[PDB]
$ cat work.cif   # mmCIF, C-alpha atoms
data_final
#
loop_
_atom_site.label_atom_id
_atom_site.label_comp_id
_atom_site.auth_asym_id
_atom_site.auth_seq_id
_atom_site.Cartn_x
_atom_site.Cartn_y
_atom_site.Cartn_z
CA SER X 1 92.18 111.03 117.83
CA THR X 2 95.29 113.19 117.65
CA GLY X 3 96.66 116.34 119.26
CA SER X 4 99.23 118.92 118.17
CA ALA X 5 100.61 121.72 120.33
CA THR X 6 103.40 124.23 119.90
CA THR X 7 106.16 124.25 122.50
CA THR X 8 108.12 127.46 123.11
CA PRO X 9 111.50 128.08 124.82
CA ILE X 10 111.11 129.94 128.13
CA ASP X 11 114.18 132.11 127.55
CA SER X 12 117.01 132.94 125.15
CA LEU X 13 119.03 129.88 126.22
CA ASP X 14 116.33 127.24 125.66
CA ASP X 15 116.54 126.38 129.38
CA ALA X 16 113.15 124.66 129.09
CA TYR X 17 110.09 124.62 126.87
CA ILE X 18 106.47 125.40 127.72
CA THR X 19 103.35 124.07 126.04
CA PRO X 20 99.83 125.39 126.66
CA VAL X 21 97.45 122.91 128.32
CA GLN X 22 93.71 123.33 128.92
CA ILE X 23 92.51 122.12 132.33
CA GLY X 24 88.95 122.08 133.61
CA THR X 25 85.60 123.50 132.57
CA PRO X 26 85.58 126.27 131.48
CA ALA X 27 89.16 125.80 130.33
CA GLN X 28 92.00 127.17 132.42
CA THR X 29 95.10 127.38 130.22
CA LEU X 30 98.41 126.76 131.97
CA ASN X 31 101.84 126.61 130.34
CA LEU X 32 103.42 123.31 131.32
CA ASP X 33 106.89 121.84 130.96
CA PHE X 34 106.44 118.53 129.11
CA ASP X 35 108.90 116.15 130.77
CA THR X 36 109.66 112.72 129.29
CA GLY X 37 111.80 112.06 132.38
CA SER X 38 108.98 112.11 134.93
CA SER X 39 105.39 110.93 135.26
CA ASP X 40 103.41 113.49 137.29
CA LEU X 41 101.16 116.19 135.87
CA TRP X 42 101.32 118.86 138.56
CA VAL X 43 100.31 122.51 138.57
CA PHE X 44 100.61 125.70 140.53
CA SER X 45 97.17 126.16 142.03
CA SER X 46 94.89 128.05 144.39
CA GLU X 47 96.28 125.69 147.05
CA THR X 48 99.95 126.64 146.52
CA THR X 49 101.57 128.43 149.49
CA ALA X 50 101.15 132.10 148.54
CA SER X 51 104.78 133.08 149.20
CA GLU X 52 105.88 130.34 146.75
CA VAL X 53 103.91 131.78 143.83
CA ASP X 54 105.61 134.55 141.84
CA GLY X 55 103.92 135.23 138.51
CA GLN X 56 102.69 131.74 137.57
CA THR X 57 99.19 131.13 136.29
CA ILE X 58 97.32 128.93 138.77
CA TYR X 59 94.71 126.20 138.43
CA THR X 60 91.68 126.84 140.64
CA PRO X 61 89.73 123.58 140.94
CA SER X 62 86.78 125.29 142.67
CA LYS X 63 86.16 127.18 139.40
CA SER X 64 86.02 123.99 137.32
CA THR X 65 82.68 122.20 137.07
CA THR X 66 84.46 118.97 136.12
CA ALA X 67 87.06 118.96 138.94
CA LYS X 68 86.74 116.33 141.64
CA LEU X 69 88.97 115.84 144.66
CA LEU X 70 90.71 112.46 144.50
CA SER X 71 90.03 111.79 148.14
CA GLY X 72 93.01 110.84 150.26
CA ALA X 73 95.55 111.08 147.45
CA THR X 74 98.80 112.95 147.91
CA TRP X 75 101.96 113.36 145.87
CA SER X 76 105.55 114.41 146.41
CA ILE X 77 108.35 114.51 143.86
CA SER X 78 112.04 115.36 143.78
CA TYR X 79 113.87 115.95 140.52
CA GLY X 80 117.46 115.40 139.45
CA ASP X 81 118.31 119.08 139.82
CA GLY X 82 117.29 119.00 143.49
CA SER X 83 113.96 120.77 143.00
CA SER X 84 110.73 119.42 144.44
CA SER X 85 107.00 119.88 144.88
CA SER X 86 104.10 118.20 146.65
CA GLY X 87 100.40 118.43 147.30
CA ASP X 88 97.04 116.76 146.78
CA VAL X 89 95.13 115.56 143.71
CA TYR X 90 92.07 116.33 141.61
CA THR X 91 90.72 114.61 138.55
CA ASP X 92 89.62 116.89 135.73
CA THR X 93 89.44 117.20 131.95
CA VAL X 94 92.79 117.98 130.34
CA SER X 95 93.34 118.88 126.70
CA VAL X 96 96.59 119.25 124.77
CA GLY X 97 96.50 120.59 121.23
CA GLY X 98 92.93 119.42 120.71
CA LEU X 99 93.34 115.99 122.32
CA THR X 100 91.15 115.57 125.40
CA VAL X 101 91.45 113.19 128.35
CA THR X 102 88.68 113.05 130.92
CA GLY X 103 89.44 111.98 134.47
CA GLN X 104 93.13 112.93 134.28
CA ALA X 105 94.92 113.19 137.63
CA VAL X 106 95.88 116.83 138.08
CA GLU X 107 98.27 117.11 141.00
CA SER X 108 97.74 120.40 142.81
CA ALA X 109 100.85 121.83 144.45
CA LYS X 110 100.67 122.92 148.05
CA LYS X 111 104.43 123.45 148.15
CA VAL X 112 107.09 124.04 145.51
CA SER X 113 110.82 124.58 145.90
CA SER X 114 112.58 127.84 145.13
CA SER X 115 113.61 126.95 141.56
CA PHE X 116 109.94 126.57 140.62
CA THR X 117 108.88 129.79 142.35
CA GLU X 118 111.66 131.67 140.58
CA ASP X 119 110.57 130.49 137.15
CA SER X 120 107.50 132.62 136.47
CA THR X 121 107.08 131.10 133.00
CA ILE X 122 106.47 127.48 134.10
CA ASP X 123 103.02 126.81 135.56
CA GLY X 124 103.71 123.11 136.22
CA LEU X 125 104.95 119.90 134.62
CA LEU X 126 103.30 117.31 132.41
CA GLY X 127 105.11 114.00 132.80
CA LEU X 128 105.54 111.71 129.81
CA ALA X 129 107.75 108.94 131.22
CA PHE X 130 106.15 105.61 132.21
CA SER X 131 103.32 105.66 134.72
CA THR X 132 105.27 103.35 137.06
CA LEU X 133 107.17 106.50 138.18
CA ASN X 134 104.04 108.44 139.12
CA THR X 135 104.26 109.55 142.77
CA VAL X 136 100.58 109.66 143.76
CA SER X 137 99.83 107.67 146.91
CA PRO X 138 98.10 105.44 147.88
CA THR X 139 96.73 104.89 144.35
CA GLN X 140 99.29 105.52 141.60
CA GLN X 141 97.96 107.53 138.65
CA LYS X 142 98.48 107.38 134.90
CA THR X 143 100.15 109.96 132.71
CA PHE X 144 98.25 112.01 130.15
CA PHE X 145 99.79 109.86 127.38
CA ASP X 146 98.89 106.59 129.09
CA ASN X 147 95.29 107.78 129.50
CA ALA X 148 95.06 109.03 125.89
CA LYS X 149 96.77 106.05 124.29
CA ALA X 150 93.82 103.82 123.50
CA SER X 151 92.02 106.70 121.77
CA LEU X 152 94.99 107.77 119.65
CA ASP X 153 95.23 106.90 115.97
CA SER X 154 98.67 105.45 116.76
CA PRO X 155 100.11 104.94 120.27
CA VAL X 156 102.87 107.51 119.90
CA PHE X 157 103.88 111.04 120.67
CA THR X 158 106.65 113.05 119.05
CA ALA X 159 108.97 115.78 120.28
CA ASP X 160 110.24 118.34 117.77
CA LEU X 161 112.05 120.92 119.88
CA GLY X 162 113.42 124.09 118.32
CA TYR X 163 116.81 125.72 118.71
CA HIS X 164 116.04 129.25 119.89
CA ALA X 165 112.62 128.80 118.24
CA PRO X 166 109.23 127.17 118.81
CA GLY X 167 108.64 123.51 118.05
CA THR X 168 105.89 120.92 118.36
CA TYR X 169 104.56 118.04 120.47
CA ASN X 170 102.24 115.76 118.49
CA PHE X 171 100.11 112.96 119.92
CA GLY X 172 98.82 110.03 117.91
CA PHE X 173 100.55 110.59 114.57
CA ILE X 174 103.92 111.05 112.93
CA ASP X 175 104.18 114.22 110.81
CA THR X 176 106.17 113.00 107.82
CA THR X 177 106.83 116.62 106.75
CA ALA X 178 108.64 117.42 110.01
CA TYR X 179 111.87 115.49 109.40
CA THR X 180 114.31 114.62 106.65
CA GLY X 181 115.39 111.17 105.54
CA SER X 182 114.13 108.19 107.52
CA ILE X 183 113.39 107.55 111.21
CA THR X 184 115.73 105.08 112.91
CA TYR X 185 114.09 103.14 115.72
CA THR X 186 115.97 101.74 118.68
CA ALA X 187 115.05 99.53 121.65
CA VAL X 188 113.78 100.93 124.96
CA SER X 189 114.07 99.50 128.44
CA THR X 190 111.26 100.53 130.77
CA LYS X 191 112.91 98.90 133.78
CA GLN X 192 113.68 102.24 135.47
CA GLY X 193 110.48 103.90 134.21
CA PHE X 194 112.29 106.04 131.65
CA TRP X 195 112.60 106.15 127.88
CA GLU X 196 115.96 104.44 128.27
CA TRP X 197 117.94 103.42 125.20
CA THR X 198 121.51 102.74 124.07
CA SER X 199 123.34 105.05 121.71
CA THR X 200 125.87 103.37 119.43
CA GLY X 201 128.63 105.96 119.85
CA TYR X 202 129.80 109.49 119.16
CA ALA X 203 132.03 111.82 117.21
CA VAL X 204 133.47 115.24 118.04
CA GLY X 205 133.40 117.77 115.21
CA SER X 206 134.76 116.28 112.00
CA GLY X 207 136.49 113.51 113.94
CA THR X 208 136.12 109.80 113.46
CA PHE X 209 133.11 108.08 114.97
CA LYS X 210 133.80 106.06 118.13
CA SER X 211 131.63 102.94 118.33
CA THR X 212 130.69 102.48 121.97
CA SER X 213 127.43 101.71 123.78
CA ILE X 214 126.04 104.61 125.82
CA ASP X 215 122.93 103.80 127.86
CA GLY X 216 120.85 106.86 128.65
CA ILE X 217 117.41 108.44 128.80
CA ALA X 218 115.55 110.67 126.37
CA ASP X 219 114.53 113.49 128.73
CA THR X 220 112.80 116.60 127.44
CA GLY X 221 112.75 118.01 130.98
CA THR X 222 116.55 118.18 131.26
CA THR X 223 118.25 121.12 129.53
CA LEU X 224 121.70 119.69 128.81
CA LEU X 225 123.38 116.56 127.45
CA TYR X 226 124.96 114.53 130.27
CA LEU X 227 127.38 111.82 129.14
CA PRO X 228 130.23 109.74 130.58
CA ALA X 229 133.29 111.67 131.73
CA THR X 230 135.46 110.06 129.05
CA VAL X 231 133.17 111.28 126.24
CA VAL X 232 132.78 114.76 127.70
CA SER X 233 136.54 115.16 128.20
CA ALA X 234 137.12 114.16 124.57
CA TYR X 235 134.65 116.83 123.45
CA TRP X 236 136.00 119.72 125.53
CA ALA X 237 139.62 118.84 124.72
CA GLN X 238 138.82 120.19 121.24
CA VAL X 239 137.97 123.66 122.59
CA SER X 240 140.94 125.89 123.42
CA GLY X 241 140.75 127.06 127.01
CA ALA X 242 137.86 124.82 128.05
CA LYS X 243 138.06 123.36 131.54
CA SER X 244 135.97 121.76 134.22
CA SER X 245 135.28 124.23 137.01
CA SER X 246 134.19 122.88 140.38
CA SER X 247 133.28 126.43 141.44
CA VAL X 248 130.92 126.89 138.48
CA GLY X 249 129.69 123.28 138.49
CA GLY X 250 130.87 121.93 135.16
CA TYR X 251 132.72 122.60 131.95
CA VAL X 252 133.17 126.20 130.92
CA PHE X 253 134.83 127.62 127.84
CA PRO X 254 135.96 130.99 126.50
CA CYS X 255 133.02 132.91 125.09
CA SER X 256 135.28 133.75 122.12
CA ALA X 257 135.33 130.07 121.05
CA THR X 258 133.68 128.45 118.07
CA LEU X 259 132.35 125.14 119.37
CA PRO X 260 132.62 121.90 117.39
CA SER X 261 129.55 119.81 116.66
CA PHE X 262 128.80 116.59 118.53
CA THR X 263 127.41 113.50 116.81
CA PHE X 264 125.60 110.66 118.55
CA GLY X 265 124.68 107.28 117.10
CA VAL X 266 121.22 105.78 116.83
CA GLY X 267 121.80 102.32 115.42
CA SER X 268 123.68 102.89 112.16
CA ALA X 269 122.25 106.42 111.91
CA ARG X 270 123.83 109.62 113.18
CA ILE X 271 122.36 112.78 114.76
CA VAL X 272 124.54 115.88 114.56
CA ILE X 273 124.26 118.53 117.27
CA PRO X 274 125.63 121.80 115.87
CA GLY X 275 128.24 123.53 118.00
CA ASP X 276 125.97 126.51 118.61
CA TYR X 277 123.49 124.24 120.43
CA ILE X 278 126.21 123.52 123.01
CA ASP X 279 126.65 127.21 123.97
CA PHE X 280 124.78 128.18 127.15
CA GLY X 281 126.26 131.63 127.34
CA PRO X 282 128.05 133.60 130.03
CA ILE X 283 128.20 131.93 133.45
CA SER X 284 127.11 135.25 134.98
CA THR X 285 126.01 138.44 133.29
CA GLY X 286 128.92 140.05 131.43
CA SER X 287 131.37 137.20 131.98
CA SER X 288 133.67 136.02 129.21
CA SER X 289 133.43 132.46 130.58
CA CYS X 290 130.60 130.53 128.95
CA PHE X 291 128.79 127.43 130.22
CA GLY X 292 128.92 124.23 128.19
CA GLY X 293 125.91 122.28 127.01
CA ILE X 294 127.63 118.89 127.25
CA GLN X 295 128.43 117.94 130.84
CA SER X 296 129.55 114.86 132.72
CA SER X 297 126.96 112.44 134.06
CA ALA X 298 129.42 111.14 136.67
CA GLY X 299 127.61 111.18 140.00
CA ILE X 300 124.15 111.48 138.39
CA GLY X 301 124.04 107.74 137.97
CA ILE X 302 122.54 107.89 134.48
CA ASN X 303 123.34 109.46 131.11
CA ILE X 304 120.76 112.00 129.96
CA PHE X 305 119.93 112.93 126.38
CA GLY X 306 118.34 116.23 127.32
CA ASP X 307 117.17 119.12 125.19
CA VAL X 308 120.62 119.85 123.71
CA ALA X 309 120.51 116.45 122.04
CA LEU X 310 116.80 116.06 121.42
CA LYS X 311 116.35 119.44 119.72
CA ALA X 312 118.77 118.29 117.00
CA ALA X 313 116.28 115.54 116.04
CA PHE X 314 112.68 114.65 115.37
CA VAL X 315 112.01 112.15 118.17
CA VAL X 316 109.30 109.48 118.24
CA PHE X 317 108.22 108.11 121.61
CA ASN X 318 106.54 104.89 120.54
CA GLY X 319 104.26 103.60 123.29
CA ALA X 320 103.21 100.40 121.57
CA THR X 321 103.11 97.19 123.61
CA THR X 322 106.88 96.99 123.18
CA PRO X 323 107.99 100.63 123.38
CA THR X 324 110.73 102.00 121.14
CA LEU X 325 112.33 105.37 120.35
CA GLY X 326 112.79 106.83 116.89
CA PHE X 327 115.20 109.54 115.78
CA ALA X 328 115.36 111.42 112.50
CA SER X 329 117.37 114.39 111.33
CA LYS X 330 115.38 117.52 110.48
#

$ encode --input "work.cif" --output "structure tokens"
Amino acid sequence: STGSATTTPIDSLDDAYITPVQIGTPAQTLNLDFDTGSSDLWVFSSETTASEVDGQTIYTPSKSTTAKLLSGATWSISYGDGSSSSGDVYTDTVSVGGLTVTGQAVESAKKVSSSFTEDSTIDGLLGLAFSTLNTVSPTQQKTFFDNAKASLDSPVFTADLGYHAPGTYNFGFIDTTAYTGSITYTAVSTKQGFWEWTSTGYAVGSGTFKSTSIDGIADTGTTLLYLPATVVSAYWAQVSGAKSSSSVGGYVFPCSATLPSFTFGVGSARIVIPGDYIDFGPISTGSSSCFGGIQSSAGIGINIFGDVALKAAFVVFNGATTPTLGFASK
């Protein structure tokens, strides 16, 4: 089997991407944030505290003939941006782009933090990291991908995120028309439960490539590119007037700037992030200070190849017995 679903930016900045997902019988379609940095599939629901719902579409298990309470199971998750959610668990039929999993754990939110409430466009998350990170207790649950894997034509999924445009998540096949040149594969460590890999270096603009190992995670659920302070300083030093602002919470730059590109290494291959991808616009409405899309990972504890990086590539998440990651230009 295979699946193919379009993923769409939630706003003009590509802050996140939503993908329609069918849950239950008859289908209830919710728009979920596919997150390769976490491993819970959770939804706004009929159980979510009413004051914490503001425009989201909810899953109502009582209206699904295939929903079953997973008795005694609870979940609770906290994300890197400080947001959180928690609740109880149902199993139900879940389909993505024509690919169906029966008995998928669907984590129903009883509580969500303010950032989730405030984002009316995101009806929940669909985790695509390794199932070892799943938070369901006392019986840990598998991700949608883990459950689908054995049925897939090939044990892979791909992320093809657009810049200010829709893109695609495919399951079970590699669309050879979706990228240019060849795919370069690189080793993954699953030790922390992430799609963790080591980039071979970077360049700023038309500058020379610096060969240096940068361990980080491929994380579709993180907006920006978070890299070591040394690398980030070298990037922003090439932008007149750019500075790190503790009041704003990172590097800002004059909105009048033209940003240089940023290149990262994948083995001997190179992925180029155009400068425009690094522009996250005015820090506040009408400001001439703009927020940067490359930020320091210092104090996160891990480097994160988030959407800014991933949307510059066609990315293969290879879930074979020994997982690997592939990157191609597009």

$ closest_residue --input "work.cif" --among "X:315, X:239, X:89, X:183" --to "residue 72 (chain X)" --atoms "all atoms listed in the file"
X:89

$ atom_distance --input "work.cif" --atom1 "CA of residue 263 (chain X)" --atom2 "CA of residue 204 (chain X)"
6.4 Å

$ residues_around --input "work.cif" --residues "residue 52 (chain X)" --least-positions-apart "3" --cutoff "10 Å" --atoms "only C-alpha atoms" --output "VMD selection string"
chain X and resid 44 48 to 49 55 to 56 110 to 118

$ residues_around --input "work.cif" --residues "residue 224 (chain X)" --least-positions-apart "5" --cutoff "7 Å" --atoms "all atoms listed in the file" --output "mmCIF file with C-alpha atoms, keeping the file's coordinate frame"
data_model
loop_
_atom_site.group_PDB
_atom_site.id
_atom_site.type_symbol
_atom_site.label_atom_id
_atom_site.label_comp_id
_atom_site.auth_asym_id
_atom_site.auth_seq_id
_atom_site.Cartn_x
_atom_site.Cartn_y
_atom_site.Cartn_z
ATOM 1 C CA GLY X 293 125.910 122.280 127.010
ATOM 2 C CA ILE X 294 127.630 118.890 127.250
ATOM 3 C CA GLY X 306 118.340 116.230 127.320
ATOM 4 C CA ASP X 307 117.170 119.120 125.190
ATOM 5 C CA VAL X 308 120.620 119.850 123.710
#

$ resolve_selection --input "work.cif" --expression "the PyMOL selection byres ((chain X and resi 271-287) around 6)" --output "PDB file with C-alpha atoms, in the frame of the given file"
ATOM      1  CA  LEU X 259     132.350 125.140 119.370  1.00  0.00           C
ATOM      2  CA  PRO X 260     132.620 121.900 117.390  1.00  0.00           C
ATOM      3  CA  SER X 261     129.550 119.810 116.660  1.00  0.00           C
ATOM      4  CA  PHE X 262     128.800 116.590 118.530  1.00  0.00           C
ATOM      5  CA  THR X 263     127.410 113.500 116.810  1.00  0.00           C
ATOM      6  CA  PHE X 264     125.600 110.660 118.550  1.00  0.00           C
ATOM      7  CA  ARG X 270     123.830 109.620 113.180  1.00  0.00           C
ATOM      8  CA  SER X 288     133.670 136.020 129.210  1.00  0.00           C
ATOM      9  CA  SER X 289     133.430 132.460 130.580  1.00  0.00           C
ATOM     10  CA  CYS X 290     130.600 130.530 128.950  1.00  0.00           C
ATOM     11  CA  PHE X 291     128.790 127.430 130.220  1.00  0.00           C
ATOM     12  CA  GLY X 292     128.920 124.230 128.190  1.00  0.00           C
ATOM     13  CA  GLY X 293     125.910 122.280 127.010  1.00  0.00           C
ATOM     14  CA  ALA X 312     118.770 118.290 117.000  1.00  0.00           C
TER      15      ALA X 312
END
